file upload.txt (compact mmCIF, C-alpha atoms and all ligand atoms)
# COMPACT_ATOMS: atom_id res chain seq x y z
CA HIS K 1 16.31 6.78 11.62
CA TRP K 2 15.14 5.04 8.42
CA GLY K 3 13.81 6.82 5.38
CA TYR K 4 14.23 7.05 1.62
CA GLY K 5 17.32 9.28 1.38
CA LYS K 6 20.85 8.40 0.21
CA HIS K 7 22.03 7.71 3.74
CA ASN K 8 18.97 6.07 5.33
CA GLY K 9 17.19 4.45 2.36
CA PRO K 10 16.08 0.85 1.61
CA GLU K 11 19.66 -0.41 1.17
CA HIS K 12 20.44 0.59 4.77
CA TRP K 13 17.31 -0.80 6.46
CA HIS K 14 18.78 -4.24 7.15
CA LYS K 15 21.18 -2.79 9.76
CA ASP K 16 18.31 -1.94 12.12
CA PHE K 17 15.83 -4.49 10.69
CA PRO K 18 17.69 -7.69 9.73
CA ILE K 19 14.48 -9.26 8.46
CA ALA K 20 15.01 -6.91 5.47
CA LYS K 21 16.95 -9.82 3.95
CA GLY K 22 14.39 -12.43 5.03
CA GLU K 23 12.57 -15.16 3.11
CA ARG K 24 9.29 -13.41 2.32
CA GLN K 25 10.04 -9.71 1.78
CA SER K 26 7.95 -7.30 -0.26
CA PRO K 27 7.48 -5.84 -2.76
CA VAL K 28 8.52 -8.14 -5.61
CA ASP K 29 8.48 -8.15 -9.37
CA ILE K 30 5.41 -9.95 -10.74
CA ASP K 31 6.49 -12.02 -13.70
CA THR K 32 3.17 -12.44 -15.49
CA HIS K 33 4.25 -15.39 -17.57
CA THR K 34 5.42 -17.34 -14.50
CA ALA K 35 2.44 -16.56 -12.23
CA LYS K 36 0.03 -19.53 -12.36
CA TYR K 37 -3.75 -19.31 -12.58
CA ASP K 38 -5.08 -20.96 -9.39
CA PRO K 39 -8.72 -22.07 -10.00
CA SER K 40 -9.15 -22.76 -6.27
CA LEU K 41 -8.89 -19.04 -5.48
CA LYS K 42 -12.31 -17.56 -4.66
CA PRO K 43 -13.57 -14.24 -5.90
CA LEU K 44 -12.41 -11.36 -3.80
CA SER K 45 -14.97 -9.70 -1.49
CA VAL K 46 -14.44 -5.98 -0.92
CA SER K 47 -17.19 -4.70 1.38
CA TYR K 48 -16.60 -1.02 1.96
CA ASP K 49 -20.23 0.27 1.95
CA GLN K 50 -20.11 0.93 5.73
CA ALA K 51 -16.57 2.35 5.86
CA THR K 52 -15.88 5.10 8.38
CA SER K 53 -12.82 7.22 7.57
CA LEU K 54 -11.64 9.46 10.45
CA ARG K 55 -8.45 11.29 9.78
CA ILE K 56 -5.56 11.86 7.40
CA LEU K 57 -2.00 11.97 8.77
CA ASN K 58 1.39 12.87 7.29
CA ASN K 59 3.67 10.47 9.24
CA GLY K 60 6.94 11.58 7.58
CA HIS K 61 7.08 8.72 5.05
CA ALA K 62 3.61 8.88 3.47
CA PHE K 63 0.08 9.99 4.36
CA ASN K 64 -2.39 7.55 5.91
CA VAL K 65 -6.13 7.88 5.61
CA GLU K 66 -7.27 6.13 8.80
CA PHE K 67 -10.53 4.31 9.42
CA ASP K 68 -12.55 3.21 12.44
CA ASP K 69 -11.65 -0.47 12.72
CA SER K 70 -13.37 -1.09 16.12
CA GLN K 71 -16.18 -2.98 14.32
CA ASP K 72 -16.61 -4.88 11.04
CA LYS K 73 -17.39 -1.86 8.84
CA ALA K 74 -15.00 -2.12 5.90
CA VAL K 75 -13.75 -5.61 5.36
CA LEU K 76 -11.85 -7.74 2.90
CA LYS K 77 -12.49 -11.48 2.56
CA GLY K 78 -12.47 -14.29 0.03
CA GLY K 79 -9.75 -14.66 -2.55
CA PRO K 80 -6.78 -16.38 -0.88
CA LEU K 81 -7.96 -15.24 2.52
CA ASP K 82 -9.43 -17.25 5.37
CA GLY K 83 -11.61 -15.18 7.66
CA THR K 84 -12.28 -11.49 7.88
CA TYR K 85 -9.84 -8.63 7.54
CA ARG K 86 -10.70 -5.09 8.66
CA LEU K 87 -9.57 -1.92 6.86
CA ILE K 88 -7.37 0.18 9.20
CA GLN K 89 -5.73 2.62 6.74
CA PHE K 90 -4.66 3.28 3.17
CA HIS K 91 -1.62 5.18 1.86
CA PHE K 92 0.39 5.53 -1.32
CA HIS K 93 3.94 5.25 -2.57
CA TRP K 94 4.94 7.43 -5.46
CA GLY K 95 7.75 8.79 -7.55
CA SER K 96 9.49 12.07 -8.38
CA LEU K 97 8.78 11.26 -12.06
CA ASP K 98 5.90 9.35 -13.75
CA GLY K 99 8.32 6.56 -14.75
CA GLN K 100 8.70 5.32 -11.18
CA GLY K 101 6.91 5.17 -7.87
CA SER K 102 5.30 1.74 -7.52
CA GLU K 103 6.74 -0.85 -5.14
CA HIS K 104 5.51 -3.92 -6.94
CA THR K 105 6.44 -4.13 -10.57
CA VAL K 106 4.84 -6.09 -13.45
CA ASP K 107 7.35 -7.71 -15.81
CA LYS K 108 9.76 -5.08 -14.44
CA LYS K 109 7.37 -2.22 -15.36
CA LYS K 110 7.18 0.52 -12.71
CA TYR K 111 3.94 2.47 -12.37
CA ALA K 112 3.71 6.13 -11.28
CA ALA K 113 2.43 5.13 -7.88
CA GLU K 114 0.90 2.36 -5.81
CA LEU K 115 -2.04 2.40 -3.39
CA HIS K 116 -2.05 0.12 -0.32
CA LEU K 117 -5.30 -0.59 1.50
CA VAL K 118 -4.18 -2.17 4.76
CA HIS K 119 -6.38 -4.73 6.56
CA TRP K 120 -5.88 -6.89 9.69
CA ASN K 121 -7.22 -10.33 10.52
CA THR K 122 -9.95 -10.02 13.17
CA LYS K 123 -9.11 -13.38 14.74
CA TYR K 124 -6.08 -11.59 16.29
CA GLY K 125 -8.06 -8.84 18.00
CA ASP K 126 -5.94 -5.78 17.17
CA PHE K 127 -3.43 -4.61 14.55
CA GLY K 128 -0.50 -4.85 16.96
CA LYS K 129 -1.13 -8.53 17.57
CA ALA K 130 -1.93 -9.26 13.89
CA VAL K 131 1.42 -8.00 12.59
CA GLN K 132 3.06 -10.71 14.75
CA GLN K 133 1.33 -13.44 12.72
CA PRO K 134 2.14 -14.91 9.28
CA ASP K 135 -1.48 -14.36 8.21
CA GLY K 136 -2.08 -11.21 10.28
CA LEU K 137 -2.51 -8.69 7.43
CA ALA K 138 -4.03 -8.49 3.95
CA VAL K 139 -2.89 -5.62 1.79
CA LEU K 140 -4.78 -4.74 -1.38
CA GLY K 141 -2.35 -3.11 -3.82
CA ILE K 142 -3.56 -1.00 -6.73
CA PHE K 143 -1.31 0.54 -9.37
CA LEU K 144 -1.68 4.17 -10.49
CA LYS K 145 -0.81 5.44 -13.91
CA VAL K 146 -1.03 9.02 -15.13
CA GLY K 147 -3.80 9.89 -17.61
CA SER K 148 -7.34 11.02 -16.84
CA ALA K 149 -8.21 12.19 -13.36
CA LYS K 150 -9.61 9.84 -10.73
CA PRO K 151 -12.65 11.70 -9.30
CA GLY K 152 -12.71 9.66 -6.11
CA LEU K 153 -9.11 10.70 -5.35
CA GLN K 154 -9.74 14.44 -5.56
CA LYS K 155 -10.97 14.76 -1.97
CA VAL K 156 -7.62 13.32 -0.79
CA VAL K 157 -5.59 15.59 -3.08
CA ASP K 158 -7.30 18.75 -1.84
CA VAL K 159 -6.69 18.14 1.86
CA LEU K 160 -2.88 17.62 1.41
CA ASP K 161 -2.14 21.35 1.75
CA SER K 162 -3.32 21.08 5.36
CA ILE K 163 -0.96 18.16 6.20
CA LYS K 164 2.08 19.35 4.27
CA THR K 165 4.62 18.41 6.90
CA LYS K 166 5.44 15.45 9.16
CA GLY K 167 3.15 15.04 12.16
CA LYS K 168 0.29 17.10 10.81
CA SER K 169 -3.19 15.54 10.65
CA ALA K 170 -6.60 16.72 9.55
CA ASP K 171 -10.17 15.51 10.06
CA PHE K 172 -11.10 13.30 7.11
CA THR K 173 -14.57 11.88 7.68
CA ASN K 174 -17.01 10.48 5.16
CA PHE K 175 -14.44 9.44 2.57
CA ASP K 176 -15.51 6.46 0.44
CA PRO K 177 -12.59 4.24 -0.61
CA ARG K 178 -14.77 2.52 -3.22
CA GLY K 179 -13.95 5.55 -5.36
CA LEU K 180 -10.32 4.32 -5.59
CA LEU K 181 -11.00 0.83 -7.02
CA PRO K 182 -10.56 -0.15 -10.66
CA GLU K 183 -13.41 -1.85 -12.56
CA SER K 184 -11.91 -5.36 -12.42
CA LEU K 185 -10.98 -7.25 -9.25
CA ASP K 186 -8.60 -9.65 -11.11
CA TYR K 187 -5.46 -10.05 -8.96
CA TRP K 188 -2.13 -11.71 -8.19
CA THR K 189 -1.44 -13.00 -4.68
CA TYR K 190 1.65 -14.12 -2.77
CA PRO K 191 2.88 -14.18 0.86
CA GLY K 192 5.06 -11.21 1.80
CA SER K 193 5.87 -8.41 4.26
CA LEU K 194 5.23 -4.82 5.25
CA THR K 195 7.31 -2.73 2.80
CA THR K 196 8.38 -0.30 5.52
CA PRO K 197 10.24 -0.99 8.77
CA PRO K 198 9.68 -3.13 10.75
CA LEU K 199 9.22 -5.18 7.53
CA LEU K 200 7.33 -7.92 9.39
CA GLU K 201 6.51 -11.01 7.36
CA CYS K 202 2.78 -10.96 8.16
CA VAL K 203 1.11 -10.00 4.87
CA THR K 204 -1.00 -11.75 2.28
CA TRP K 205 -0.53 -9.50 -0.74
CA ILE K 206 -3.40 -9.05 -3.15
CA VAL K 207 -2.28 -6.95 -6.16
CA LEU K 208 -4.92 -5.94 -8.69
CA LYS K 209 -4.00 -6.33 -12.34
CA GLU K 210 -5.95 -3.30 -13.54
CA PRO K 211 -4.40 0.07 -12.67
CA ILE K 212 -6.40 3.19 -11.90
CA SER K 213 -5.68 6.41 -13.80
CA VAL K 214 -4.95 9.70 -12.02
CA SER K 215 -4.18 13.07 -13.60
CA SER K 216 -0.84 14.77 -13.85
CA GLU K 217 -2.30 17.58 -11.71
CA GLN K 218 -3.34 15.03 -9.08
CA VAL K 219 0.11 13.44 -8.78
CA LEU K 220 1.77 16.86 -8.91
CA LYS K 221 -0.06 17.83 -5.70
CA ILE K 222 0.99 14.62 -3.99
CA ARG K 223 4.63 15.52 -4.82
CA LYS K 224 4.29 18.81 -2.92
CA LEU K 225 4.09 17.03 0.40
CA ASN K 226 7.10 17.15 2.74
CA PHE K 227 9.08 14.43 4.61
CA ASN K 228 10.24 17.08 7.10
CA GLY K 229 8.36 18.72 9.95
CA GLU K 230 7.24 22.35 9.98
CA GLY K 231 10.08 24.87 10.35
CA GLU K 232 12.65 22.37 9.05
CA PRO K 233 14.42 22.49 5.68
CA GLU K 234 12.05 21.40 2.92
CA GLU K 235 12.59 17.93 1.50
CA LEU K 236 9.86 16.95 -0.95
CA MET K 237 8.03 13.71 -0.14
CA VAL K 238 8.78 11.80 -3.35
CA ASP K 239 10.21 8.40 -4.21
CA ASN K 240 8.95 6.87 -0.95
CA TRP K 241 8.99 3.37 -2.48
CA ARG K 242 11.03 0.28 -1.65
CA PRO K 243 12.34 -1.56 -4.71
CA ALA K 244 11.58 -5.15 -5.61
CA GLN K 245 13.02 -7.86 -3.34
CA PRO K 246 14.13 -11.43 -4.16
CA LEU K 247 11.18 -13.80 -4.69
CA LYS K 248 13.06 -16.75 -3.19
CA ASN K 249 10.88 -19.75 -2.37
CA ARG K 250 7.51 -18.27 -3.32
CA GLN K 251 4.97 -18.67 -6.08
CA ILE K 252 2.74 -15.87 -7.29
CA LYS K 253 -0.81 -17.08 -8.07
CA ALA K 254 -3.21 -15.39 -10.50
CA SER K 255 -6.99 -15.22 -9.89
CA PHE K 256 -7.58 -15.06 -13.66
CA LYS K 257 -6.54 -16.67 -16.94
ZN ZN O 1 2.58 0.73 1.56

call {"tool": "encode", "arguments": {"input": "upload.txt", "output": "structure tokens"}}
result
Amino acid sequence: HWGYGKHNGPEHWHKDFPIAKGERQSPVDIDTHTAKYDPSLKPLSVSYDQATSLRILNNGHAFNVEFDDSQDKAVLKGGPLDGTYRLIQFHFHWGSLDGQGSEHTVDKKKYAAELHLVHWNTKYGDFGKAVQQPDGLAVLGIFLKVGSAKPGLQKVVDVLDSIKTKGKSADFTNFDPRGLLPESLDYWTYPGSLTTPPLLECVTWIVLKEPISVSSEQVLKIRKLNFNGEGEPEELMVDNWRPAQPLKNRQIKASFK
């Protein structure tokens, strides 16, 4: 099945998931000079004060920090979005080296990693139904670069030892995702897809301009995770990113000048 290896990586995904070559695939390169300021975009509303994290899971391609999305507790609205989108999970993509790891790029620049906070449109009732709709999901993407430590990430880093291998999960309550946001909410937005199979074209992408900084020790612990299950040969979980896909008939809008 699909992964990020030489024989099952992004260049092979189209064989099982033909939409891999579709008209609104993600991620993409963000050409900053071509993105147009759109004054009709509203400010983004990130309301995570009542967020309820539950669990952290190594699913064999990343780790997801999962939230209780059975009520409006952590929601995204405004910006390009109509209606209310509930936080279901966040995860990261990252590299084997600091010079790569992000899925989106900015004028071809790759960051060390990229955070995805995944939200689904409540008008569709559940996540399974939402992914079947062109406006079913809103993903907030945040770049990571390596420098000073991010304090609000440390809690995540320190639980990774307990979910080293595929299929392992651990209780992860009372985590506050506000600790992962940069200072500025300036963003680019465009219509796109999930960046993992099934690659459904159901996402409004909201990519923040300002990266967060994490420490070399922080990213080094992320790179100790495994793609494999326990008792299987160790393959380090690194370079779990899909490269940039053709923009085709899409415009990237900026929230800022
Ligand atoms: Zn992702």

call {"tool": "closest_residue", "arguments": {"input": "upload.txt", "among": "K:32, K:25, K:70, K:228", "to": "residue 250 (chain K)", "atoms": "all atoms listed in the file"}}
result
K:25

call {"tool": "residues_around", "arguments": {"input": "upload.txt", "residues": "region 41-43 of chain K", "least_positions_apart": "2", "cutoff": "10 Å", "atoms": "only C-alpha atoms", "output": "PDB file with C-alpha atoms, in the coordinates of the input"}}
result
ATOM      1  CA  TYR K  37      -3.750 -19.310 -12.580  1.00  0.00           C
ATOM      2  CA  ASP K  38      -5.080 -20.960  -9.390  1.00  0.00           C
ATOM      3  CA  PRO K  39      -8.720 -22.070 -10.000  1.00  0.00           C
ATOM      4  CA  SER K  45     -14.970  -9.700  -1.490  1.00  0.00           C
ATOM      5  CA  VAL K  46     -14.440  -5.980  -0.920  1.00  0.00           C
ATOM      6  CA  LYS K  77     -12.490 -11.480   2.560  1.00  0.00           C
ATOM      7  CA  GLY K  78     -12.470 -14.290   0.030  1.00  0.00           C
ATOM      8  CA  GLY K  79      -9.750 -14.660  -2.550  1.00  0.00           C
ATOM      9  CA  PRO K  80      -6.780 -16.380  -0.880  1.00  0.00           C
ATOM     10  CA  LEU K  81      -7.960 -15.240   2.520  1.00  0.00           C
ATOM     11  CA  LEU K 185     -10.980  -7.250  -9.250  1.00  0.00           C
ATOM     12  CA  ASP K 186      -8.600  -9.650 -11.110  1.00  0.00           C
ATOM     13  CA  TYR K 187      -5.460 -10.050  -8.960  1.00  0.00           C
ATOM     14  CA  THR K 189      -1.440 -13.000  -4.680  1.00  0.00           C
ATOM     15  CA  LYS K 253      -0.810 -17.080  -8.070  1.00  0.00           C
ATOM     16  CA  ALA K 254      -3.210 -15.390 -10.500  1.00  0.00           C
ATOM     17  CA  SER K 255      -6.990 -15.220  -9.890  1.00  0.00           C
ATOM     18  CA  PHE K 256      -7.580 -15.060 -13.660  1.00  0.00           C
TER      19      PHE K 256
END

call {"tool": "closest_atom_pairs", "arguments": {"input": "upload.txt", "of": "chain K", "to": "ligand ZN 1 (chain O)", "cutoff": "7 Å", "atoms": "only C-alpha atoms and all ligand atoms", "output": "CSV"}}
result
residue,atom,partner,partner_atom,distance
K:91,CA,O:ZN1,ZN,6.1
K:92,CA,O:ZN1,ZN,6.0
K:93,CA,O:ZN1,ZN,6.3
K:115,CA,O:ZN1,ZN,7.0
K:116,CA,O:ZN1,ZN,5.0
K:195,CA,O:ZN1,ZN,6.0

call {"tool": "closest_atom_pairs", "arguments": {"input": "upload.txt", "of": "region 39-148 of chain K", "to": "region 175-182 of chain K", "cutoff": "12 Å", "atoms": "all atoms listed in the file", "output": "CSV"}}
result
residue,atom,partner,partner_atom,distance
K:46,CA,K:178,CA,8.8
K:47,CA,K:178,CA,8.9
K:48,CA,K:178,CA,6.5
K:49,CA,K:178,CA,7.8
K:50,CA,K:176,CA,8.9
K:51,CA,K:176,CA,6.9
K:52,CA,K:175,CA,7.4
K:53,CA,K:175,CA,5.7
K:54,CA,K:175,CA,8.4
K:55,CA,K:175,CA,9.6
K:56,CA,K:175,CA,10.4
K:65,CA,K:175,CA,9.0
K:66,CA,K:175,CA,10.1
K:67,CA,K:175,CA,9.4
K:68,CA,K:175,CA,11.8
K:73,CA,K:176,CA,12.0
K:74,CA,K:177,CA,9.4
K:75,CA,K:177,CA,11.6
K:87,CA,K:177,CA,10.1
K:88,CA,K:177,CA,11.8
K:89,CA,K:177,CA,10.2
K:90,CA,K:177,CA,8.8
K:91,CA,K:177,CA,11.3
K:92,CA,K:180,CA,11.6
K:114,CA,K:180,CA,11.4
K:115,CA,K:180,CA,8.8
K:116,CA,K:180,CA,10.7
K:117,CA,K:177,CA,9.0
K:118,CA,K:177,CA,11.9
K:140,CA,K:181,CA,10.1
K:141,CA,K:181,CA,10.0
K:142,CA,K:181,CA,7.7
K:143,CA,K:182,CA,9.4
K:144,CA,K:182,CA,9.9
K:145,CA,K:182,CA,11.7

call {"tool": "write_last_selection", "arguments": {"input": "upload.txt", "atoms": "C-alpha atoms", "output": "CSV table (one decimal), keeping the file's coordinate frame"}}
result
chain,number,residue,atom,x,y,z
K,46,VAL,CA,-14.4,-6.0,-0.9
K,47,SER,CA,-17.2,-4.7,1.4
K,48,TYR,CA,-16.6,-1.0,2.0
K,49,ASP,CA,-20.2,0.3,2.0
K,50,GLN,CA,-20.1,0.9,5.7
K,51,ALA,CA,-16.6,2.4,5.9
K,52,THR,CA,-15.9,5.1,8.4
K,53,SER,CA,-12.8,7.2,7.6
K,54,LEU,CA,-11.6,9.5,10.4
K,55,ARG,CA,-8.4,11.3,9.8
K,56,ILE,CA,-5.6,11.9,7.4
K,65,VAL,CA,-6.1,7.9,5.6
K,66,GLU,CA,-7.3,6.1,8.8
K,67,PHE,CA,-10.5,4.3,9.4
K,68,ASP,CA,-12.6,3.2,12.4
K,73,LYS,CA,-17.4,-1.9,8.8
K,74,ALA,CA,-15.0,-2.1,5.9
K,75,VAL,CA,-13.8,-5.6,5.4
K,87,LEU,CA,-9.6,-1.9,6.9
K,88,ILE,CA,-7.4,0.2,9.2
K,89,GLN,CA,-5.7,2.6,6.7
K,90,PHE,CA,-4.7,3.3,3.2
K,91,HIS,CA,-1.6,5.2,1.9
K,92,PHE,CA,0.4,5.5,-1.3
K,114,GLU,CA,0.9,2.4,-5.8
K,115,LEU,CA,-2.0,2.4,-3.4
K,116,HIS,CA,-2.0,0.1,-0.3
K,117,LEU,CA,-5.3,-0.6,1.5
K,118,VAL,CA,-4.2,-2.2,4.8
K,140,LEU,CA,-4.8,-4.7,-1.4
K,141,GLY,CA,-2.4,-3.1,-3.8
K,142,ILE,CA,-3.6,-1.0,-6.7
K,143,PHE,CA,-1.3,0.5,-9.4
K,144,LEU,CA,-1.7,4.2,-10.5
K,145,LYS,CA,-0.8,5.4,-13.9

call {"tool": "atom_distance", "arguments": {"input": "upload.txt", "atom1": "CA of residue 164 (chain K)", "atom2": "CA of residue 216 (chain K)"}}
result
18.9 Å

call {"tool": "atom_distance", "arguments": {"input": "upload.txt", "atom1": "CA of residue 147 (chain K)", "atom2": "CA of residue 99 (chain K)"}}
result
12.9 Å

call {"tool": "atom_distance", "arguments": {"input": "upload.txt", "atom1": "CA of residue 72 (chain K)", "atom2": "CA of residue 157 (chain K)"}}
result
27.2 Å

call {"tool": "closest_residue", "arguments": {"input": "upload.txt", "among": "K:220, K:113, K:35, K:136", "to": "residue 236 (chain K)", "atoms": "all atoms listed in the file"}}
result
K:220

call {"tool": "residues_around", "arguments": {"input": "upload.txt", "residues": "region 239-243 of chain K", "least_positions_apart": "4", "cutoff": "6 Å", "atoms": "all atoms listed in the file", "output": "NGL selection string"}}
result
:K and (4 or 93-96 or 101 or 103)

call {"tool": "closest_residue", "arguments": {"input": "upload.txt", "among": "K:22, K:167, K:197, K:134", "to": "residue 3 (chain K)", "atoms": "only C-alpha atoms"}}
result
K:197

call {"tool": "closest_residue", "arguments": {"input": "upload.txt", "among": "K:126, K:131, K:106, K:27", "to": "residue 71 (chain K)", "atoms": "only C-alpha atoms"}}
result
K:126

call {"tool": "residues_near_point", "arguments": {"input": "upload.txt", "point": "(14.4, -8.9, 10.3)", "cutoff": "9 Å", "atoms": "all atoms listed in the file", "output": "list in words"}}
result
residues 14, 16, 17, 18, 19, 20, 21, 22, 198, 199, 200 and 201 of chain K

call {"tool": "closest_residue", "arguments": {"input": "upload.txt", "among": "K:158, K:107, K:44, K:194", "to": "residue 206 (chain K)", "atoms": "all atoms listed in the file"}}
result
K:44

call {"tool": "closest_residue", "arguments": {"input": "upload.txt", "among": "K:204, K:58, K:64, K:184", "to": "residue 119 (chain K)", "atoms": "all atoms listed in the file"}}
result
K:204

call {"tool": "build_atoms", "arguments": {"input": "upload.txt", "residues": "region 74-85 of chain K", "atoms": "N, CA, C and O atoms", "output": "tab-separated table (two decimals), in the coordinates of the input"}}
result
chain	number	residue	atom	x	y	z
K	74	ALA	N	-15.59	-2.05	7.23
K	74	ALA	CA	-15.00	-2.12	5.90
K	74	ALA	C	-14.09	-3.31	5.95
K	74	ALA	O	-13.07	-3.28	6.63
K	75	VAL	N	-14.48	-4.37	5.25
K	75	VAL	CA	-13.75	-5.61	5.36
K	75	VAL	C	-13.38	-6.22	4.01
K	75	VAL	O	-14.07	-6.07	3.00
K	76	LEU	N	-12.27	-6.95	4.03
K	76	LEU	CA	-11.85	-7.74	2.90
K	76	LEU	C	-11.95	-9.21	3.28
K	76	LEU	O	-11.55	-9.61	4.38
K	77	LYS	N	-12.52	-10.02	2.39
K	77	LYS	CA	-12.49	-11.48	2.56
K	77	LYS	C	-12.49	-12.18	1.22
K	77	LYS	O	-12.46	-11.53	0.16
K	78	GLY	N	-12.52	-13.51	1.25
K	78	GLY	CA	-12.47	-14.29	0.03
K	78	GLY	C	-11.10	-14.21	-0.61
K	78	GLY	O	-10.14	-13.86	0.05
K	79	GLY	N	-11.02	-14.54	-1.89
K	79	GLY	CA	-9.75	-14.66	-2.55
K	79	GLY	C	-8.92	-15.75	-1.91
K	79	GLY	O	-9.40	-16.87	-1.73
K	80	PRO	N	-7.66	-15.43	-1.54
K	80	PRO	CA	-6.78	-16.38	-0.88
K	80	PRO	C	-6.98	-16.40	0.63
K	80	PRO	O	-6.36	-17.20	1.35
K	81	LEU	N	-7.88	-15.54	1.10
K	81	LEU	CA	-7.96	-15.24	2.52
K	81	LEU	C	-8.93	-16.17	3.24
K	81	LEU	O	-10.00	-16.50	2.71
K	82	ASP	N	-8.54	-16.58	4.44
K	82	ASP	CA	-9.43	-17.25	5.37
K	82	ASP	C	-9.84	-16.23	6.42
K	82	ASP	O	-8.99	-15.56	7.02
K	83	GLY	N	-11.13	-16.09	6.65
K	83	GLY	CA	-11.61	-15.18	7.66
K	83	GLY	C	-11.75	-13.75	7.17
K	83	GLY	O	-11.76	-13.45	5.97
K	84	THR	N	-11.86	-12.85	8.14
K	84	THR	CA	-12.28	-11.49	7.88
K	84	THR	C	-11.19	-10.52	8.24
K	84	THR	O	-10.63	-10.60	9.33
K	85	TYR	N	-10.88	-9.62	7.33
K	85	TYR	CA	-9.84	-8.63	7.54
K	85	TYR	C	-10.41	-7.22	7.50
K	85	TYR	O	-11.02	-6.83	6.52
